[PDB]
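Structure record follows, encoded as structure tokens.
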Amino acid sequence: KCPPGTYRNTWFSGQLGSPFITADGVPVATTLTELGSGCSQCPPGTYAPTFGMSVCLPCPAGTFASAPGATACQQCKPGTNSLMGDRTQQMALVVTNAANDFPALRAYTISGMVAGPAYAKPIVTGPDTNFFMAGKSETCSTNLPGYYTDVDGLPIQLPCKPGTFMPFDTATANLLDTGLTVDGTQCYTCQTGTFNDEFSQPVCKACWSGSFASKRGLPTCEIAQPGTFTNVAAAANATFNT
Amino acid sequence: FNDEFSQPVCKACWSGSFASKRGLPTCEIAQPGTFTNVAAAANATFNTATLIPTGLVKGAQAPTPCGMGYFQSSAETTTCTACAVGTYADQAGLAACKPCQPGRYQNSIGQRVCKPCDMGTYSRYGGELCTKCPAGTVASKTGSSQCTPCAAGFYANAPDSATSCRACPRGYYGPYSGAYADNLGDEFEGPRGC
Ligand SMILES: *[C@@H]1O[C@H](CO)[C@@H](O[C@@H]2O[C@H](CO)[C@@H](O)[C@H](O)[C@H]2NC(C)=O)[C@H](O)[C@H]1NC(C)=O
Ligand SMILES: *[C@@H]1O[C@H](CO)[C@@H](O[C@@H]2O[C@H](CO)[C@@H](O)[C@H](O)[C@H]2NC(C)=O)[C@H](O)[C@H]1NC(C)=O
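Going down the list, the sequences are from chains A and B. In terms of PDB author numbering, the first sequence opens at residue 1407 and continues consecutively. In terms of PDB author numbering, the second sequence opens at residue 1601 and continues consecutively.
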């Protein structure tokens, strides 16, 4: 039997490398084989745990293999997921290689206010294609804005509950306290005077004039009671750079 | 806040309560899962010579929800304790943090996550540690709620905390279910094994 981490099959062999680590976007094919035996080494993203198997088992969602021949793949660290491409690619919209639209992996679509008074839902439309979570052939991607992974090995990044938000980065976090930093494993409550009622929001929502939010992480704004009022001109939602 | 008629100065809300609105007749206490404390919160002292109040320092304005890994069961409080071992608080401002779901465990204080049980072990709700699955039963997957008995004609691979069930080999037979191998003697037989 072939040693673990390798596979022998009549109809195919070799390794198909990770396409998301190459600027071209075309997966480079190699022929790495075990020295003594001769069986082809298991391709990246897949692991061969047992003795003498024909094909390579793709890694389960929430796990990643990055080297040819694994016998097992480790779990994604907390704050990271198992999605095709890194965080930049799956959040990108422009194209570099016109042959195959690389790396416009339009996988992150969030519905919110856009440039101009218009409110688009979702801001990115179309049939989503790059959604695979099993074969993570490269280093784990960072979680998209609005999602978190507290415990390592989670299959899918979970969304932030209403009343909490998660920004893209500390530098770009528009309304976040000075001492708090984001990494991918935390869900911060909405700032007092703001609210949020939708799962997986990268920013809290300003409470409209005539209402108020007197508590941290309020799922819904509070209507001003009779005899009282609130009006702040500067209050406005956060617009999304398309 | 203030509740007495004709006062020359308001009174700061004590630690464990807040006044979120102007002109509050009575300070409102902090609800469970939240705490308020301001050590600098004075109430004015009257200068006996001139009957002038001074020294008032405003108290808490809004409740502070308890951070991740902390819970607060009671109201009127000034701080919240780390969650008891075997339980976790994965949110902010929790009345009483939930116990770890079956198949998980948490052997630490103040954690916001439950670690998953390793292979060959199981755990019900809560759980100090992953229970080593008893003899004759097997838990082949990590985070198993319970470990099932080995089928008749099969035997557990280990005397304690079995990870797989194997068929009795050629020339052997397992009459009872829940058979398990034993290290002592031959490795293919047990007290009820093959
Ligand atoms: C931020 O966006 C939210 C969500 O669209 C707005 O909240 C709505 O406000 C209207 C009045 O303008 C209310 O009638 C709706 O009930 C609110 N919706 C929800 C879901 O709460 C909010 O007004 C926006 N903030 C500002 C400052 O414009
Ligand atoms: C300011 O002094 C007043 C006394 O005039 C305090 O009022 C009481 O405070 C205790 C806690 O120390 C509460 O149990 C009572 O319910 C309060 N009375 C009322 C009528 O509300 C007030 O707490 C003092 N402030 C501080 C910060 O000690």
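C-beta: ideal position from N, C-alpha, C; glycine also.
According to DSSP, which residues form a beta bridge with residue i?
{"i": "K1732/B", "result": "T1721/B"}
{"i": "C1765/B", "result": "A1756/B"}
{"i": "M1459/A", "result": "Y1413/A"}
{"i": "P1653/B", "result": "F1646/B"}
{"i": "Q1481/A", "result": "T1469/A"}
{"i": "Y1554/A", "result": "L1564/A"}
{"i": "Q1421/A", "result": "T1436/A"}
{"i": "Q1746/B", "result": "The partner list for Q1746/B (beta bridge, DSSP) is empty, contrary to what the question assumes."}
{"i": "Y1780/B", "result": "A1756/B"}
{"i": "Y1453/A", "result": "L1463/A"}
{"i": "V1738/B", "result": "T1748/B and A1762/B"}
{"i": "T1636/B", "result": "Per DSSP, none; premise fails for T1636/B."}
{"i": "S1443/A", "result": "Per DSSP, none; premise fails for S1443/A."}
{"i": "residue 1363/A", "result": "What is shown of chain A runs 1407 to 1648, which leaves residue 1363/A out entirely."}
Identify, in the order they occur along the chain, each residue of the same chain with its Cβ nearer than 7 Å to the Cβ of residue i, setting aside the five sequence neighbours on each side.
{"i": "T1502/A", "result": "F1508 and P1509"}
{"i": "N1643/A", "result": "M1519, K1611 and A1612"}
{"i": "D1589/A", "result": "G1485"}
{"i": "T1664/B", "result": "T1634, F1635 and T1636"}
{"i": "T1679/B", "result": "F1635 and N1637"}
{"i": "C1697/B", "result": "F1671, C1683, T1687, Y1688 and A1689"}
{"i": "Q1592/A", "result": "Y1554"}
{"i": "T1731/B", "result": "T1721, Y1722 and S1723"}
{"i": "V1657/B", "result": "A1612, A1640, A1641 and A1642"}
{"i": "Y1413/A", "result": "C1445, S1446, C1448, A1454, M1459, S1460, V1461 and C1462"}
{"i": "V1557/A", "result": "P1484"}
By Cβ distance, which residues of its chain are closer than 8 Å to residue i, with the 5 residues on each side in sequence left out?
{"i": "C1700/B", "result": "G1686, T1687, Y1688, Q1706, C1714, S1723, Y1725, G1726 and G1727"}
{"i": "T1469/A", "result": "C1479, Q1480, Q1481, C1482, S1488, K1542 and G1559"}
{"i": "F1601/A", "result": "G1569, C1610, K1611, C1613, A1619, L1624, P1625, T1626 and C1627"}
{"i": "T1587/A", "result": "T1576"}
{"i": "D1782/B", "result": "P1759, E1789, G1790, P1791 and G1793"}
{"i": "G1423/A", "result": "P1433, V1434, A1435, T1436, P1449, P1450 and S1543"}
{"i": "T1428/A", "result": "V1434"}
{"i": "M1668/B", "result": "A1689, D1690, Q1691, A1692 and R1712"}
Compare the C-alpha of residue i against each of the options and name the closest.
{"i": "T1721/B", "options": "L1784/B, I1629/B, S1761/B and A1612/B", "result": "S1761/B"}
{"i": "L1560/A", "options": "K1567/A, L1550/A, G1485/A and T1494/A", "result": "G1485/A"}
{"i": "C1566/A", "options": "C1445/A, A1524/A and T1555/A", "result": "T1555/A"}
{"i": "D1718/B", "options": "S1745/B, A1684/B and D1603/B", "result": "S1745/B"}
{"i": "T1531/A", "options": "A1513/A, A1540/A, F1538/A and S1547/A", "result": "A1513/A"}
{"i": "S1673/B", "options": "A1695/B, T1654/B, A1662/B and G1710/B", "result": "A1695/B"}
{"i": "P1734/B", "options": "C1747/B, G1743/B and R1622/B", "result": "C1747/B"}
{"i": "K1741/B", "options": "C1768/B, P1716/B and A1767/B", "result": "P1716/B"}
{"i": "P1653/B", "options": "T1737/B, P1608/B and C1666/B", "result": "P1608/B"}
{"i": "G1736/B", "options": "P1769/B, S1764/B, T1650/B and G1743/B", "result": "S1764/B"}
{"i": "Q1597/A", "options": "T1477/A, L1581/A and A1504/A", "result": "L1581/A"}
{"i": "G1659/B", "options": "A1739/B, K1621/B and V1738/B", "result": "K1621/B"}
{"i": "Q1495/A", "options": "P1533/A, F1537/A and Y1525/A", "result": "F1537/A"}
{"i": "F1574/A", "options": "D1583/A, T1584/A, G1552/A and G1585/A", "result": "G1552/A"}
{"i": "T1452/A", "options": "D1430/A, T1477/A and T1428/A", "result": "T1477/A"}
{"i": "residue 1651/A", "options": "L1729/B, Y1772/B, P1702/B and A1662/B", "result": "In the structure as shown, chain A begins at 1407 and stops at 1648. Residue 1651/A is therefore absent and cannot be evaluated."}
Measure how close the beta-carbons of residue i and residue j come, nearest whole angstrom, since I'm counting them as under 8 Å.
{"i": "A1619/B", "j": "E1628/B", "result": "7 Å"}
{"i": "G1778/B", "j": "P1749/B", "result": "4 Å"}
{"i": "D1690/B", "j": "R1704/B", "result": "Actually they are not in contact, since the Cβ atoms of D1690/B and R1704/B sit about 12 Å apart, beyond 8 Å."}
{"i": "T1570/A", "j": "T1595/A", "result": "5 Å"}
{"i": "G1790/B", "j": "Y1755/B", "result": "6 Å"}
{"i": "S1443/A", "j": "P1474/A", "result": "Going by Cβ atoms, the distance from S1443/A to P1474/A rounds to 14 Å, so no, they are not a contact pair."}
{"i": "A1641/B", "j": "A1675/B", "result": "The Cβ separation is near 18 Å, so there is no contact."}
{"i": "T1677/B", "j": "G1616/B", "result": "6 Å"}
{"i": "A1540/A", "j": "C1462/A", "result": "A1540/A to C1462/A, Cβ: 12 Å. No contact."}
{"i": "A1467/A", "j": "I1562/A", "result": "7 Å"}
{"i": "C1666/B", "j": "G1710/B", "result": "No, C1666/B and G1710/B are not in contact; Cβ-Cβ is about 11 Å, not under 8 Å."}
{"i": "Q1421/A", "j": "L1438/A", "result": "6 Å"}
{"i": "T1645/B", "j": "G1655/B", "result": "5 Å"}
{"i": "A1752/B", "j": "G1774/B", "result": "6 Å"}
{"i": "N1757/B", "j": "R1770/B", "result": "The Cβ separation is near 18 Å, so there is no contact."}
Kindly list the residues whose CB is nearer than 6 Å to the CB of residue i, restricted to its own chain and excluding five residues on each side of it in sequence; keep chain order.
{"i": "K1527/A", "result": "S1517"}
{"i": "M1497/A", "result": "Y1514"}
{"i": "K1407/A", "result": "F1457 and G1458"}
{"i": "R1493/A", "result": "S1547 and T1548"}
{"i": "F1605/A", "result": "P1565"}
{"i": "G1491/A", "result": "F1426 and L1511"}
{"i": "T1535/A", "result": "none"}
{"i": "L1550/A", "result": "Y1514"}
{"i": "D1603/A", "result": "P1568, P1625 and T1626"}
**Message:** What ranges does the alpha helix (DSSP H) occupy inside the region 1487 to 1546 of chain A, keeping only unbroken runs of at least 4 residues that lie completely in it?
**Reply:** 1493 to 1496
**Asked** For the region 1567 to 1634 of chain A, which segments carrying the beta strand (DSSP E) assignment without a break, of at least 3 residues, lie completely within its bounds, in sequence order?
**Response** none
**Prompt:** Counting only runs that start and end within the region 1658 to 1727 of chain B, where is the alpha helix (DSSP H) found for 4 or more residues in a row?
**Reply:** none
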